[PDB]
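Structure data follow from data35.txt (compact mmCIF, C-alpha atoms):
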# COMPACT_ATOMS: atom_id res chain seq x y z
CA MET A 1 13.68 -1.73 36.85
CA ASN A 2 13.55 0.67 33.87
CA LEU A 3 10.69 1.07 31.39
CA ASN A 4 12.87 1.59 28.33
CA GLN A 5 11.01 0.58 25.20
CA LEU A 6 7.45 0.51 23.98
CA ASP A 7 6.39 -1.45 20.92
CA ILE A 8 3.26 -0.68 18.89
CA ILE A 9 2.02 -3.55 16.71
CA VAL A 10 0.72 -2.24 13.35
CA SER A 11 0.13 -3.77 9.86
CA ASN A 12 1.74 -0.99 7.84
CA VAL A 13 5.01 -0.02 9.46
CA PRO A 14 6.36 2.13 6.58
CA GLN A 15 3.30 4.44 6.58
CA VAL A 16 2.92 4.57 10.36
CA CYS A 17 6.71 5.22 10.51
CA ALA A 18 6.60 8.00 7.90
CA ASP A 19 3.67 9.67 9.73
CA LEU A 20 5.40 9.41 13.14
CA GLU A 21 8.56 11.07 11.68
CA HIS A 22 6.58 14.17 10.60
CA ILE A 23 4.82 14.34 13.96
CA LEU A 24 8.00 13.88 15.99
CA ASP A 25 10.08 15.90 13.53
CA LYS A 26 12.81 13.25 13.60
CA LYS A 27 13.63 10.28 11.44
CA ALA A 28 13.50 6.69 12.62
CA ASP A 29 16.96 5.48 13.77
CA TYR A 30 16.28 2.45 11.59
CA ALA A 31 13.32 1.08 9.61
CA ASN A 32 12.27 -2.06 7.65
CA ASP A 33 9.17 -3.17 5.81
CA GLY A 34 8.14 -4.58 9.22
CA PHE A 35 10.02 -2.70 11.95
CA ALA A 36 11.02 0.91 12.83
CA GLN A 37 12.91 2.25 15.82
CA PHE A 38 12.70 5.71 17.24
CA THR A 39 14.79 7.10 20.06
CA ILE A 40 12.97 9.82 22.00
CA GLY A 41 15.34 11.11 24.66
CA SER A 42 15.81 8.26 27.15
CA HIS A 43 13.09 5.99 25.72
CA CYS A 44 12.73 3.95 22.51
CA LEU A 45 9.54 3.46 20.58
CA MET A 46 9.33 0.56 18.09
CA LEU A 47 6.75 -0.17 15.40
CA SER A 48 6.46 -3.85 14.60
CA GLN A 49 4.34 -5.83 12.14
CA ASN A 50 5.41 -9.16 13.65
CA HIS A 51 3.61 -10.62 16.64
CA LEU A 52 6.34 -11.45 19.11
CA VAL A 53 3.63 -13.10 21.18
CA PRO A 54 -0.04 -13.79 20.43
CA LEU A 55 -1.87 -10.40 20.32
CA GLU A 56 -3.83 -8.10 17.99
CA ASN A 57 -2.77 -4.97 16.13
CA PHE A 58 -3.03 -1.82 18.15
CA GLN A 59 -6.44 -0.22 18.14
CA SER A 60 -6.73 2.56 20.73
CA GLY A 61 -6.39 3.34 24.42
CA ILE A 62 -3.02 4.91 25.08
CA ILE A 63 -1.42 8.33 25.37
CA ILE A 64 2.32 8.64 24.77
CA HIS A 65 3.56 11.72 26.68
CA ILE A 66 6.68 13.46 25.45
CA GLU A 67 8.31 16.08 27.62
CA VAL A 68 9.52 19.02 25.50
CA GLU A 69 11.08 22.47 26.08
CA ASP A 70 8.57 24.44 23.97
CA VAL A 71 4.98 23.21 23.62
CA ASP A 72 3.80 26.19 21.58
CA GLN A 73 6.57 25.85 19.01
CA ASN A 74 5.56 22.15 18.51
CA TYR A 75 2.00 23.39 18.18
CA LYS A 76 2.84 25.80 15.37
CA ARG A 77 4.91 23.13 13.63
CA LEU A 78 2.09 20.60 13.82
CA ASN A 79 -0.62 23.07 12.68
CA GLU A 80 1.42 23.96 9.60
CA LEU A 81 1.67 20.20 8.90
CA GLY A 82 -2.09 19.64 9.07
CA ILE A 83 -1.93 17.20 11.98
CA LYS A 84 -5.17 16.68 13.98
CA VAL A 85 -4.85 18.60 17.22
CA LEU A 86 -7.10 17.02 19.84
CA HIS A 87 -6.54 19.64 22.61
CA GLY A 88 -4.61 22.91 21.81
CA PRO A 89 -2.02 24.06 24.28
CA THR A 90 -3.53 24.33 27.76
CA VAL A 91 -2.02 24.61 31.22
CA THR A 92 -2.90 23.29 34.65
CA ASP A 93 -2.90 25.53 37.70
CA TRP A 94 0.47 23.88 38.54
CA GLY A 95 2.06 24.98 35.26
CA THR A 96 1.77 21.78 33.27
CA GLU A 97 1.28 22.86 29.71
CA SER A 98 0.18 20.21 27.21
CA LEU A 99 -0.82 19.65 23.60
CA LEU A 100 -2.67 16.50 22.56
CA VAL A 101 -2.36 15.32 18.96
CA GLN A 102 -3.84 12.47 16.94
CA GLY A 103 -1.01 10.16 15.89
CA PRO A 104 -1.25 7.44 13.18
CA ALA A 105 -2.91 4.05 13.82
CA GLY A 106 -5.04 5.16 16.75
CA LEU A 107 -2.01 6.58 18.69
CA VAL A 108 -2.44 9.79 20.69
CA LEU A 109 0.58 11.89 21.63
CA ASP A 110 1.00 14.56 24.29
CA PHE A 111 3.77 17.12 23.95
CA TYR A 112 4.03 18.63 27.45
CA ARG A 113 6.20 20.63 29.89
CA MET A 114 6.04 21.24 33.63
CA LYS A 115 6.69 24.08 36.21
CA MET B 1 12.21 15.58 23.58
CA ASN B 2 11.73 12.88 26.24
CA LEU B 3 9.25 10.03 26.18
CA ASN B 4 8.61 9.54 29.99
CA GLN B 5 4.94 8.78 30.67
CA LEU B 6 2.63 6.21 29.16
CA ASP B 7 -1.10 6.16 29.91
CA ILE B 8 -3.22 3.06 29.52
CA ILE B 9 -6.96 3.77 29.26
CA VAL B 10 -8.81 0.95 31.10
CA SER B 11 -12.22 0.38 32.68
CA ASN B 12 -11.43 -1.06 36.20
CA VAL B 13 -8.44 0.89 37.42
CA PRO B 14 -8.31 -0.59 40.95
CA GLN B 15 -8.18 -4.19 39.70
CA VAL B 16 -5.83 -3.45 36.74
CA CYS B 17 -3.66 -1.56 39.25
CA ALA B 18 -3.65 -4.46 41.73
CA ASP B 19 -2.82 -6.93 38.97
CA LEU B 20 0.08 -4.66 37.83
CA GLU B 21 1.42 -4.22 41.39
CA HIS B 22 1.79 -8.03 41.59
CA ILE B 23 3.46 -8.38 38.18
CA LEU B 24 5.87 -5.49 38.85
CA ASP B 25 6.31 -6.48 42.49
CA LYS B 26 5.84 -2.82 43.33
CA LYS B 27 3.03 -0.64 44.56
CA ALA B 28 1.45 2.22 42.71
CA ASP B 29 2.89 5.59 43.88
CA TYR B 30 -0.70 6.71 44.01
CA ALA B 31 -4.11 5.33 42.99
CA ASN B 32 -7.72 6.29 43.25
CA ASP B 33 -10.85 4.81 41.70
CA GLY B 34 -10.08 6.22 38.21
CA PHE B 35 -6.33 6.70 38.14
CA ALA B 36 -3.10 5.02 39.18
CA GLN B 37 0.58 5.97 38.89
CA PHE B 38 3.60 3.73 38.72
CA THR B 39 7.16 4.89 38.55
CA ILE B 40 9.31 2.32 36.74
CA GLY B 41 12.80 3.74 37.04
CA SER B 42 12.91 6.99 35.09
CA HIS B 43 9.58 6.57 33.33
CA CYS B 44 5.97 6.58 34.55
CA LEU B 45 3.03 4.33 33.70
CA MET B 46 -0.47 5.57 34.38
CA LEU B 47 -3.78 3.76 34.32
CA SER B 48 -6.67 6.00 33.60
CA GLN B 49 -10.42 5.54 33.43
CA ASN B 50 -11.04 9.03 32.07
CA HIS B 51 -10.66 9.90 28.41
CA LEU B 52 -8.50 13.05 28.41
CA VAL B 53 -9.37 13.15 24.69
CA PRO B 54 -11.64 10.83 22.63
CA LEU B 55 -10.46 7.18 22.22
CA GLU B 56 -11.49 3.51 23.08
CA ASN B 57 -10.28 1.71 26.22
CA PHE B 58 -6.97 -0.04 25.55
CA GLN B 59 -7.44 -3.44 23.83
CA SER B 60 -4.21 -5.03 22.52
CA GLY B 61 -1.14 -4.35 20.43
CA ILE B 62 1.67 -3.04 22.66
CA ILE B 63 4.61 -4.57 24.50
CA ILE B 64 5.97 -2.60 27.48
CA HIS B 65 9.66 -3.49 27.99
CA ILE B 66 11.17 -3.25 31.43
CA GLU B 67 14.96 -3.54 31.67
CA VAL B 68 16.01 -5.54 34.72
CA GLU B 69 19.21 -6.81 36.38
CA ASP B 70 17.88 -10.36 36.81
CA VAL B 71 15.36 -11.82 34.36
CA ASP B 72 15.47 -15.40 35.72
CA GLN B 73 14.59 -14.26 39.25
CA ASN B 74 11.58 -12.29 37.90
CA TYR B 75 10.69 -15.50 36.11
CA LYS B 76 10.58 -17.65 39.29
CA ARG B 77 8.58 -14.89 41.11
CA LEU B 78 6.07 -14.72 38.20
CA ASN B 79 5.78 -18.56 37.92
CA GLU B 80 5.11 -18.65 41.67
CA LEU B 81 2.41 -15.94 41.38
CA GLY B 82 0.84 -18.04 38.61
CA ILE B 83 1.12 -15.24 36.06
CA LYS B 84 0.87 -16.41 32.40
CA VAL B 85 4.35 -16.47 30.80
CA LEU B 86 4.20 -16.09 27.04
CA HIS B 87 7.89 -16.95 26.37
CA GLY B 88 10.09 -18.31 29.22
CA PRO B 89 13.53 -16.75 29.54
CA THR B 90 15.27 -16.79 26.15
CA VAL B 91 18.40 -15.00 24.89
CA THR B 92 19.48 -13.62 21.53
CA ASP B 93 22.93 -14.28 20.12
CA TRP B 94 23.91 -10.75 21.18
CA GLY B 95 23.09 -11.47 24.84
CA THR B 96 19.60 -9.89 25.14
CA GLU B 97 17.72 -12.04 27.62
CA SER B 98 13.97 -11.59 27.71
CA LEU B 99 10.78 -12.83 29.42
CA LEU B 100 7.35 -12.06 27.93
CA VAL B 101 4.34 -12.14 30.21
CA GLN B 102 0.60 -11.66 29.89
CA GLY B 103 -0.38 -8.55 31.87
CA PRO B 104 -3.91 -7.38 32.74
CA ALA B 105 -6.29 -5.71 30.28
CA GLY B 106 -4.58 -7.12 27.16
CA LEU B 107 -1.17 -5.71 28.20
CA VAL B 108 2.03 -7.60 27.40
CA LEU B 109 5.18 -6.98 29.41
CA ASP B 110 8.78 -7.93 28.68
CA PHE B 111 11.33 -8.04 31.50
CA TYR B 112 14.68 -8.02 29.70
CA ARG B 113 18.47 -7.70 30.18
CA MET B 114 21.04 -6.87 27.50
CA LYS B 115 24.66 -8.06 27.11
Once you've parsed the file, please lay out its structure as structure tokens.
Amino acid sequence: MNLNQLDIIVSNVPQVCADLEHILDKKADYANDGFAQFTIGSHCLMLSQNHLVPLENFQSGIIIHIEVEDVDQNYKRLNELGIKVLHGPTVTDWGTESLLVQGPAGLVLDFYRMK
Amino acid sequence: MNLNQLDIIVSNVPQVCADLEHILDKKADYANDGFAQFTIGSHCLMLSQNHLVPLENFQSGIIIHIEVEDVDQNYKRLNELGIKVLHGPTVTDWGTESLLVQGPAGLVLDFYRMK
């Protein structure tokens, strides 16, 4: 088993997509009026307007953690962009440094690194 | 960058965890009353009661896709367990076989295999 892909269901894929590109500092691999695909290392993240099965648009309640080499450089980048930083870089006693940012459409992202 | 951990914010971690252990046919790596950890190949899935930052408990609007060697087997196992199947095994013209299931707490899972 391999958790490979996460879809977020949203009504306005182009805007959510555009916002996610600035936050992630990479373009979508591919995007439509109703679908966008990002590759983030070994994992894909889709935005979809269509309901593949019966469900509602995404509201809240997740954190998408992205392991990065330099948390503080992402921080600076994001601050210059005007992105809402929810928790500035902090570290655990075990060396886990993280940065929590408000993403579009209720999404919350963590850019983090470990010991 | 590497997307490798997803947190779901839920209210009754032990029961959401137990429900997920049955669906995934694997035990949490670790679980307490407010937190649980799954490893699903090379990516982790946490359940969390606590709000690391401000947000609502998860409601709806994501599909978690789990790539598997045998979709039809997972199907018989899930039918046996009595888990709600949203779309029985189907296949695209490019060989992508998928099975969509209702998970706990509004979660939707897809066990899928590609050509």
Can you work out the spacing between atom CA of residue A:76 and atom CA of residue A:110 in Å, to one decimal?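 Distance between the two atoms: 14.5 Å.
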For residue B:40, which of A:66, A:8, A:1, A:105 is the closest residue, counting all atoms listed in the file?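 For residue B:40, the nearest of the candidates is A:1.
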Using all atoms listed in the file, determine which residues of chain A fall within 10 Å of chain B; present them as a PyMOL selection string. chain A and resi 1-10+24+39-48+51-70+86-87+100-102+106-112
Hey, what's within 12 Å of stretch 79-81 of chain B if we count all atoms listed in the file and toss same-chain stuff fewer than 6 positions away? As a PyMOL selection string, please? chain B and resi 19+21-25+72-73+87-89+99+101-102
Using all atoms listed in the file for the distances, tell me which of B:103, B:50, B:114, B:16 is nearest to residue B:85.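 With all atoms listed in the file as the atom set, the closest residue is B:103.
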Kindly indicate which residue among A:49, A:92, A:98, A:32 lies nearest to residue A:71, using all atoms listed in the file for the distances. A:98
Would you work out the distance separating atom CA of residue A:34 from atom CA of residue A:20, expressed in Å to one decimal?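 So the two atoms, atom CA of residue A:34 and atom CA of residue A:20, lie 14.8 Å apart.
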Separating atom CA of residue A:29 from atom CA of residue A:15, to the nearest tenth of an Å, is a gap of 15.5 Å
Mind filling out stretch 47-80 of chain A with N, CA and C atoms and sending it as a PDB file, in the frame of the given file?
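Listing of selection.pdb after writing:
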ATOM      1  N   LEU A  47       7.929   0.300  16.120  1.00  0.00           N
ATOM      2  CA  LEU A  47       6.750  -0.170  15.400  1.00  0.00           C
ATOM      3  C   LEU A  47       7.091  -1.557  14.892  1.00  0.00           C
ATOM      4  N   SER A  48       6.179  -2.496  15.054  1.00  0.00           N
ATOM      5  CA  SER A  48       6.460  -3.850  14.600  1.00  0.00           C
ATOM      6  C   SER A  48       5.239  -4.457  13.936  1.00  0.00           C
ATOM      7  N   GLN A  49       5.430  -5.106  12.786  1.00  0.00           N
ATOM      8  CA  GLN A  49       4.340  -5.830  12.140  1.00  0.00           C
ATOM      9  C   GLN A  49       4.219  -7.237  12.736  1.00  0.00           C
ATOM     10  N   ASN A  50       5.359  -7.816  13.072  1.00  0.00           N
ATOM     11  CA  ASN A  50       5.410  -9.160  13.650  1.00  0.00           C
ATOM     12  C   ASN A  50       4.772  -9.216  15.033  1.00  0.00           C
ATOM     13  N   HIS A  51       4.080 -10.321  15.296  1.00  0.00           N
ATOM     14  CA  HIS A  51       3.610 -10.620  16.640  1.00  0.00           C
ATOM     15  C   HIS A  51       4.628 -11.433  17.387  1.00  0.00           C
ATOM     16  N   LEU A  52       5.345 -10.768  18.296  1.00  0.00           N
ATOM     17  CA  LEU A  52       6.340 -11.450  19.110  1.00  0.00           C
ATOM     18  C   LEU A  52       5.644 -12.507  19.961  1.00  0.00           C
ATOM     19  N   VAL A  53       4.484 -12.149  20.490  1.00  0.00           N
ATOM     20  CA  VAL A  53       3.630 -13.100  21.180  1.00  0.00           C
ATOM     21  C   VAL A  53       2.230 -12.960  20.580  1.00  0.00           C
ATOM     22  N   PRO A  54       1.318 -13.894  20.917  1.00  0.00           N
ATOM     23  CA  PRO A  54      -0.040 -13.790  20.430  1.00  0.00           C
ATOM     24  C   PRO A  54      -0.739 -12.496  20.924  1.00  0.00           C
ATOM     25  N   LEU A  55      -1.144 -11.645  19.985  1.00  0.00           N
ATOM     26  CA  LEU A  55      -1.870 -10.400  20.320  1.00  0.00           C
ATOM     27  C   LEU A  55      -2.474  -9.821  19.032  1.00  0.00           C
ATOM     28  N   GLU A  56      -3.222  -8.736  19.154  1.00  0.00           N
ATOM     29  CA  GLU A  56      -3.830  -8.100  17.990  1.00  0.00           C
ATOM     30  C   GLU A  56      -3.079  -6.818  17.632  1.00  0.00           C
ATOM     31  N   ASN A  57      -3.261  -6.311  16.425  1.00  0.00           N
ATOM     32  CA  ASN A  57      -2.770  -4.970  16.130  1.00  0.00           C
ATOM     33  C   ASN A  57      -3.415  -3.951  17.058  1.00  0.00           C
ATOM     34  N   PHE A  58      -2.653  -2.887  17.269  1.00  0.00           N
ATOM     35  CA  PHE A  58      -3.030  -1.820  18.150  1.00  0.00           C
ATOM     36  C   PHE A  58      -4.289  -1.213  17.599  1.00  0.00           C
ATOM     37  N   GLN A  59      -5.236  -0.944  18.475  1.00  0.00           N
ATOM     38  CA  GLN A  59      -6.440  -0.220  18.140  1.00  0.00           C
ATOM     39  C   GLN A  59      -6.435   1.176  18.778  1.00  0.00           C
ATOM     40  N   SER A  60      -6.666   1.253  20.078  1.00  0.00           N
ATOM     41  CA  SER A  60      -6.730   2.560  20.730  1.00  0.00           C
ATOM     42  C   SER A  60      -6.353   2.400  22.196  1.00  0.00           C
ATOM     43  N   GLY A  61      -6.468   3.472  22.972  1.00  0.00           N
ATOM     44  CA  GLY A  61      -6.390   3.340  24.420  1.00  0.00           C
ATOM     45  C   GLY A  61      -5.080   3.690  25.069  1.00  0.00           C
ATOM     46  N   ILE A  62      -4.205   4.417  24.386  1.00  0.00           N
ATOM     47  CA  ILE A  62      -3.020   4.910  25.080  1.00  0.00           C
ATOM     48  C   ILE A  62      -2.731   6.364  24.744  1.00  0.00           C
ATOM     49  N   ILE A  63      -1.994   7.010  25.634  1.00  0.00           N
ATOM     50  CA  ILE A  63      -1.420   8.330  25.370  1.00  0.00           C
ATOM     51  C   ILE A  63       0.076   8.226  25.674  1.00  0.00           C
ATOM     52  N   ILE A  64       0.870   8.645  24.697  1.00  0.00           N
ATOM     53  CA  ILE A  64       2.320   8.640  24.770  1.00  0.00           C
ATOM     54  C   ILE A  64       2.703  10.088  25.052  1.00  0.00           C
ATOM     55  N   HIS A  65       3.193  10.355  26.266  1.00  0.00           N
ATOM     56  CA  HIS A  65       3.560  11.720  26.680  1.00  0.00           C
ATOM     57  C   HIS A  65       5.032  11.971  26.441  1.00  0.00           C
ATOM     58  N   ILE A  66       5.321  13.081  25.767  1.00  0.00           N
ATOM     59  CA  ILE A  66       6.680  13.460  25.450  1.00  0.00           C
ATOM     60  C   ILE A  66       6.984  14.817  26.066  1.00  0.00           C
ATOM     61  N   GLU A  67       7.913  14.826  27.020  1.00  0.00           N
ATOM     62  CA  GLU A  67       8.310  16.080  27.620  1.00  0.00           C
ATOM     63  C   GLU A  67       9.211  16.903  26.676  1.00  0.00           C
ATOM     64  N   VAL A  68       8.821  18.151  26.447  1.00  0.00           N
ATOM     65  CA  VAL A  68       9.520  19.020  25.500  1.00  0.00           C
ATOM     66  C   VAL A  68       9.847  20.370  26.166  1.00  0.00           C
ATOM     67  N   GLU A  69      10.762  21.136  25.568  1.00  0.00           N
ATOM     68  CA  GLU A  69      11.080  22.470  26.080  1.00  0.00           C
ATOM     69  C   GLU A  69      10.053  23.537  25.682  1.00  0.00           C
ATOM     70  N   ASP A  70       9.496  23.425  24.476  1.00  0.00           N
ATOM     71  CA  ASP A  70       8.570  24.440  23.970  1.00  0.00           C
ATOM     72  C   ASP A  70       7.347  23.796  23.324  1.00  0.00           C
ATOM     73  N   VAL A  71       6.223  23.815  24.052  1.00  0.00           N
ATOM     74  CA  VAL A  71       4.980  23.210  23.620  1.00  0.00           C
ATOM     75  C   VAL A  71       4.340  23.970  22.461  1.00  0.00           C
ATOM     76  N   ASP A  72       4.401  25.292  22.555  1.00  0.00           N
ATOM     77  CA  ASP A  72       3.800  26.190  21.580  1.00  0.00           C
ATOM     78  C   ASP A  72       4.520  26.169  20.245  1.00  0.00           C
ATOM     79  N   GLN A  73       5.841  26.077  20.258  1.00  0.00           N
ATOM     80  CA  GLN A  73       6.570  25.850  19.010  1.00  0.00           C
ATOM     81  C   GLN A  73       6.201  24.508  18.312  1.00  0.00           C
ATOM     82  N   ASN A  74       6.062  23.409  19.073  1.00  0.00           N
ATOM     83  CA  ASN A  74       5.560  22.150  18.510  1.00  0.00           C
ATOM     84  C   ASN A  74       4.174  22.323  17.933  1.00  0.00           C
ATOM     85  N   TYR A  75       3.337  23.063  18.647  1.00  0.00           N
ATOM     86  CA  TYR A  75       2.000  23.390  18.180  1.00  0.00           C
ATOM     87  C   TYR A  75       1.976  24.013  16.802  1.00  0.00           C
ATOM     88  N   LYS A  76       2.740  25.086  16.639  1.00  0.00           N
ATOM     89  CA  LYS A  76       2.840  25.800  15.370  1.00  0.00           C
ATOM     90  C   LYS A  76       3.310  24.850  14.262  1.00  0.00           C
ATOM     91  N   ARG A  77       4.340  24.071  14.567  1.00  0.00           N
ATOM     92  CA  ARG A  77       4.910  23.130  13.630  1.00  0.00           C
ATOM     93  C   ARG A  77       3.833  22.160  13.150  1.00  0.00           C
ATOM     94  N   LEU A  78       3.114  21.590  14.107  1.00  0.00           N
ATOM     95  CA  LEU A  78       2.090  20.600  13.820  1.00  0.00           C
ATOM     96  C   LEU A  78       0.895  21.161  13.054  1.00  0.00           C
ATOM     97  N   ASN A  79       0.501  22.398  13.361  1.00  0.00           N
ATOM     98  CA  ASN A  79      -0.620  23.070  12.680  1.00  0.00           C
ATOM     99  C   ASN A  79      -0.280  23.305  11.224  1.00  0.00           C
ATOM    100  N   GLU A  80       0.947  23.765  10.971  1.00  0.00           N
ATOM    101  CA  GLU A  80       1.420  23.960   9.600  1.00  0.00           C
ATOM    102  C   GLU A  80       1.430  22.645   8.841  1.00  0.00           C
TER     103      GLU A  80
END
